[PDB]
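Some notes on the structure that comes next.
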Amino acid sequence: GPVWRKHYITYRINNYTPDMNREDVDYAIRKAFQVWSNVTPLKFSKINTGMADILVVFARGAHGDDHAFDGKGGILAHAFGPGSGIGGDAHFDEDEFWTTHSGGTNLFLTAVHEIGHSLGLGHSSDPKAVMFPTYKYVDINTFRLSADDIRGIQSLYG
Ligand SMILES: O=C(CCCC[C@H]1CCSS1)NCCCS(=O)(=O)O
Ligand SMILES: [Ca+2]
Ligand SMILES: [Ca+2]
Ligand SMILES: [Ca+2]
Ligand SMILES: [Zn+2]
Ligand SMILES: [Zn+2]
């Protein structure tokens, strides 16, 4: 499938969930990109205006693509693989309650998984992988990519 053919990738946070402090949104997303830049040649920079490669949106229900959200629960987020326009973009369901910890749905973990899609990864069958389809909280300091995630991403980049 598609991959980014350049090393400098930009992101932009389109809007912010009212679920969290702004600074904590910024931090979660930044740390989630770092997970991936740690194991690839990629570099990620946040921009505040203009077209970014990866636009980070919080939205509910029908939100302008063919991938409507479903209210609280179920689908938490989705992202598009590498490509121009909507390609790369990561969308998070505002009907979830996003958090820094275990209380609702952890933004960091979810963002790691979505950014993996944004980079070109599909789902893993390994329950230990961040690219496994099902959300399960793990302490956000205990978190590591699985071997399977690392193989997947390095098979695409690096
Ligand atoms: O695929 C996703 C992103 C969530 C990944 C969360 C990470 C937790 C640690 S590793 S995966 N959302 C839709 C399916 C979720 S749901 O069906 O389980 O409610
Ligand atoms: Ca894009
Ligand atoms: Ca949902
Ligand atoms: Ca919310
Ligand atoms: Zn969407
Ligand atoms: Zn997924």
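Quick note on naming: the chains in the structure tokens go A, B, ... in the order shown, residues restart at 1 in each chain, and ligands are numbered from 1 in order of appearance.
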Worksheet item: So which residues of region 40-145 of chain A fall under helix (DSSP H, G or I) by DSSP, listed as a ChimeraX atom specification?
Response: /A:107-119
Put those residues in a file: C-alpha atoms, as a tab-separated table (two decimals), in the first residue's frame.
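The result, stored in again.tsv:
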chain	number	residue	atom	x	y	z
A	107	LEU	CA	-5.70	9.84	23.42
A	108	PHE	CA	-2.02	8.88	23.32
A	109	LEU	CA	-2.55	5.20	22.70
A	110	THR	CA	-5.31	5.75	20.21
A	111	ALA	CA	-3.16	8.32	18.42
A	112	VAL	CA	-0.25	5.94	18.18
A	113	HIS	CA	-2.51	3.41	16.43
A	114	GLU	CA	-4.08	6.06	14.10
A	115	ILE	CA	-0.74	7.53	13.16
A	116	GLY	CA	0.34	4.07	12.25
A	117	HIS	CA	-2.52	4.01	9.71
A	118	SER	CA	-1.50	7.52	8.63
A	119	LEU	CA	1.94	6.12	7.85
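Residues of protein, DNA or RNA having any atom at most 7 Å from ligand 1, counting only C-alpha atoms and all ligand atoms, are residues 73, 74, 75, 76, 77, 78, 109, 110, 113, 114, 129, 130, 131, 132, 133, 134, 135, 136, 137 and 138 of chain A.
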Item to complete: Please extract the residues at most 6 Å from ligand 2, counting only C-alpha atoms and all ligand atoms, and provide them as an MDAnalysis selection string, using the chain letters and residue numbers of this document.
Response: chainID A and resid 53:55 84:89
Discussion item. As a list in words, please: every protein or nucleic acid residue near ligand 4 (cut-off 9 Å, counting only C-alpha atoms and all ligand atoms).
Written reply: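 Every residue with an atom at most 9 Å from ligand 4 is listed here: residues 17, 18, 19, 20, 58, 59, 60, 72, 93, 94, 95, 96, 97 and 98 of chain A.
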File of the preceding selection, N, CA, C and O atoms, as a PDB file, in the first residue's frame:
ATOM      1  N   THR A  17     -10.509  18.725  21.192  1.00  0.00           N
ATOM      2  CA  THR A  17     -11.525  18.198  22.076  1.00  0.00           C
ATOM      3  C   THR A  17     -11.663  19.011  23.319  1.00  0.00           C
ATOM      4  O   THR A  17     -10.661  19.378  23.935  1.00  0.00           O
ATOM      5  N   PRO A  18     -12.914  19.261  23.753  1.00  0.00           N
ATOM      6  CA  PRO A  18     -13.113  19.958  25.008  1.00  0.00           C
ATOM      7  C   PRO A  18     -12.939  19.013  26.196  1.00  0.00           C
ATOM      8  O   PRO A  18     -13.058  19.477  27.380  1.00  0.00           O
ATOM      9  N   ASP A  19     -12.599  17.743  25.902  1.00  0.00           N
ATOM     10  CA  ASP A  19     -12.416  16.708  26.894  1.00  0.00           C
ATOM     11  C   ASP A  19     -11.135  16.883  27.711  1.00  0.00           C
ATOM     12  O   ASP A  19     -11.049  16.344  28.830  1.00  0.00           O
ATOM     13  N   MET A  20     -10.175  17.584  27.119  1.00  0.00           N
ATOM     14  CA  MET A  20      -8.873  17.660  27.662  1.00  0.00           C
ATOM     15  C   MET A  20      -8.332  19.099  27.670  1.00  0.00           C
ATOM     16  O   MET A  20      -8.802  19.967  26.937  1.00  0.00           O
ATOM     17  N   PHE A  58     -10.940  16.330  15.559  1.00  0.00           N
ATOM     18  CA  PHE A  58     -11.963  15.768  16.387  1.00  0.00           C
ATOM     19  C   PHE A  58     -13.337  16.119  15.831  1.00  0.00           C
ATOM     20  O   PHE A  58     -13.652  17.306  15.608  1.00  0.00           O
ATOM     21  N   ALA A  59     -14.181  15.115  15.633  1.00  0.00           N
ATOM     22  CA  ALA A  59     -15.475  15.237  14.964  1.00  0.00           C
ATOM     23  C   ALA A  59     -16.417  14.085  15.382  1.00  0.00           C
ATOM     24  O   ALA A  59     -15.996  13.051  15.969  1.00  0.00           O
ATOM     25  N   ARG A  60     -17.717  14.361  15.280  1.00  0.00           N
ATOM     26  CA  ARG A  60     -18.730  13.354  15.648  1.00  0.00           C
ATOM     27  C   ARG A  60     -19.657  13.067  14.482  1.00  0.00           C
ATOM     28  O   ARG A  60     -19.804  13.865  13.543  1.00  0.00           O
ATOM     29  N   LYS A  72     -20.853   7.310  21.142  1.00  0.00           N
ATOM     30  CA  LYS A  72     -19.941   6.849  22.139  1.00  0.00           C
ATOM     31  C   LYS A  72     -19.703   5.354  21.988  1.00  0.00           C
ATOM     32  O   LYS A  72     -20.637   4.630  21.804  1.00  0.00           O
ATOM     33  N   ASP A  93     -13.210  10.394  17.258  1.00  0.00           N
ATOM     34  CA  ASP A  93     -14.612  10.561  17.570  1.00  0.00           C
ATOM     35  C   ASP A  93     -14.816  11.373  18.811  1.00  0.00           C
ATOM     36  O   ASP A  93     -14.436  10.943  19.908  1.00  0.00           O
ATOM     37  N   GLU A  94     -15.382  12.550  18.658  1.00  0.00           N
ATOM     38  CA  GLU A  94     -15.689  13.436  19.789  1.00  0.00           C
ATOM     39  C   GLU A  94     -16.714  12.857  20.760  1.00  0.00           C
ATOM     40  O   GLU A  94     -16.702  13.194  21.976  1.00  0.00           O
ATOM     41  N   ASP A  95     -17.536  11.886  20.315  1.00  0.00           N
ATOM     42  CA  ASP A  95     -18.445  11.206  21.249  1.00  0.00           C
ATOM     43  C   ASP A  95     -17.753  10.264  22.235  1.00  0.00           C
ATOM     44  O   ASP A  95     -18.420   9.778  23.158  1.00  0.00           O
ATOM     45  N   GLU A  96     -16.427  10.030  22.090  1.00  0.00           N
ATOM     46  CA  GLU A  96     -15.659   9.426  23.145  1.00  0.00           C
ATOM     47  C   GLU A  96     -15.202  10.527  24.112  1.00  0.00           C
ATOM     48  O   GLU A  96     -15.264  11.740  23.781  1.00  0.00           O
ATOM     49  N   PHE A  97     -14.787  10.111  25.305  1.00  0.00           N
ATOM     50  CA  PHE A  97     -14.220  11.014  26.306  1.00  0.00           C
ATOM     51  C   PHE A  97     -12.732  10.774  26.367  1.00  0.00           C
ATOM     52  O   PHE A  97     -12.285   9.804  26.954  1.00  0.00           O
ATOM     53  N   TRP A  98     -11.986  11.668  25.747  1.00  0.00           N
ATOM     54  CA  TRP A  98     -10.542  11.550  25.598  1.00  0.00           C
ATOM     55  C   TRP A  98      -9.850  11.957  26.873  1.00  0.00           C
ATOM     56  O   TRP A  98     -10.269  12.917  27.496  1.00  0.00           O
TER      57      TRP A  98
END
Item to complete: Go ahead and compute the interatomic distance for CA of residue 6 (chain A) and CA of residue 25 (chain A), in Å to one decimal.
Response: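 If I compute the distance from CA of residue 6 (chain A) to CA of residue 25 (chain A), I get 26.0 Å.
Residues in contact range of residue 56 (chain A), defined as at most 9 Å between only C-alpha atoms, with sequence neighbours fewer than 2 positions away removed, read residues 11, 12, 13, 14, 15, 16, 29, 54, 58, 89, 90, 91 and 92 of chain A.
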For the residues selected in the previous step, produce a file with C-alpha atoms as a CSV table (one decimal), in the first residue's frame.
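Dumped everything to part.csv:
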chain,number,residue,atom,x,y,z
A,11,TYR,CA,0.8,17.7,11.1
A,12,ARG,CA,-1.7,20.2,12.2
A,13,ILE,CA,-4.3,20.0,14.9
A,14,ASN,CA,-7.5,21.2,13.2
A,15,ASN,CA,-9.5,21.6,16.4
A,16,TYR,CA,-9.3,20.4,20.0
A,29,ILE,CA,-0.1,13.8,19.8
A,54,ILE,CA,-1.6,14.8,8.5
A,58,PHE,CA,-12.0,15.8,16.4
A,89,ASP,CA,-5.5,12.5,8.0
A,90,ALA,CA,-6.5,11.2,11.5
A,91,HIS,CA,-10.0,11.7,12.9
A,92,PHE,CA,-11.0,11.1,16.5
Practice prompt. Pick out each residue of region 9-143 of chain A that DSSP on the backbone tags as strand (DSSP E); I need them as a list in words.
Written response: residues 9, 10, 11, 12, 13, 43, 44, 45, 46, 54, 55, 56, 57, 58, 59, 77, 78, 79, 90, 91, 92, 93, 98, 99, 105 and 106 of chain A
Those residues you just picked out, can you put them in a file as a PDB file, in the first residue's frame with C-alpha atoms?
ATOM      1  CA  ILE A   9       6.169  15.112   7.602  1.00  0.00           C
ATOM      2  CA  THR A  10       3.929  17.847   8.991  1.00  0.00           C
ATOM      3  CA  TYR A  11       0.836  17.671  11.100  1.00  0.00           C
ATOM      4  CA  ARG A  12      -1.749  20.177  12.156  1.00  0.00           C
ATOM      5  CA  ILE A  13      -4.310  19.974  14.909  1.00  0.00           C
ATOM      6  CA  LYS A  43      10.628  13.598  11.285  1.00  0.00           C
ATOM      7  CA  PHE A  44       7.353  15.206  12.392  1.00  0.00           C
ATOM      8  CA  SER A  45       6.659  18.952  12.828  1.00  0.00           C
ATOM      9  CA  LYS A  46       3.513  20.610  14.045  1.00  0.00           C
ATOM     10  CA  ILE A  54      -1.569  14.849   8.512  1.00  0.00           C
ATOM     11  CA  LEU A  55      -4.570  16.841   9.703  1.00  0.00           C
ATOM     12  CA  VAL A  56      -5.761  15.814  13.194  1.00  0.00           C
ATOM     13  CA  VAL A  57      -9.505  16.316  13.599  1.00  0.00           C
ATOM     14  CA  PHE A  58     -11.963  15.768  16.387  1.00  0.00           C
ATOM     15  CA  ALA A  59     -15.475  15.237  14.964  1.00  0.00           C
ATOM     16  CA  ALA A  77     -11.019   6.946  15.549  1.00  0.00           C
ATOM     17  CA  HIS A  78      -9.929   6.316  11.974  1.00  0.00           C
ATOM     18  CA  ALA A  79      -7.197   7.495   9.690  1.00  0.00           C
ATOM     19  CA  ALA A  90      -6.499  11.222  11.465  1.00  0.00           C
ATOM     20  CA  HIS A  91     -10.003  11.668  12.885  1.00  0.00           C
ATOM     21  CA  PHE A  92     -11.005  11.053  16.508  1.00  0.00           C
ATOM     22  CA  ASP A  93     -14.612  10.561  17.570  1.00  0.00           C
ATOM     23  CA  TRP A  98     -10.542  11.550  25.598  1.00  0.00           C
ATOM     24  CA  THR A  99      -8.057  11.497  28.462  1.00  0.00           C
ATOM     25  CA  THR A 105     -10.308   6.643  26.122  1.00  0.00           C
ATOM     26  CA  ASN A 106      -6.565   7.375  26.202  1.00  0.00           C
TER      27      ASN A 106
END
Practice prompt. Kindly give the distance, in Å, that separates CA of residue 152 (chain A) and CA of residue 37 (chain A), rounded to a single decimal.
Written response: 13.8 Å
Worksheet item: Between CA of residue 23 (chain A) and CA of residue 145 (chain A), what is the distance, to one decimal in Å?
Response: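 Atom-to-atom, CA of residue 23 (chain A) to CA of residue 145 (chain A), that is 24.3 Å.
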Worksheet entry | Using only C-alpha atoms and all ligand atoms: which of A:47, A:68, A:39, A:32 has the shortest distance to ligand 3 |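 Counting only C-alpha atoms and all ligand atoms, the residue closest to ligand 3 is A:68.
With distances taken over only C-alpha atoms and all ligand atoms, A:123 is the one residue among A:31, A:7, A:63, A:123 lying closest to ligand 6.
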Worksheet item: Which is closer to ligand 3 than all the others in A:65, A:70, A:149, A:26, using only C-alpha atoms and all ligand atoms?
Response: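 Ranking A:65, A:70, A:149, A:26 by distance to ligand 3, first place goes to A:70.
Compared by their closest atoms to ligand 6, and using only C-alpha atoms and all ligand atoms, the residues A:121, A:155, A:126, A:148 rank with A:121 nearest.
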Worksheet entry | Selected residue of minimal separation from residue 21 (chain A) among A:42, A:146, A:122, A:100, counting only C-alpha atoms |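 For residue 21 (chain A), the nearest of the candidates is A:100.
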Worksheet entry | Residue among A:120, A:82, A:50, A:41 lying closest to ligand 6, counting only C-alpha atoms and all ligand atoms | A:120
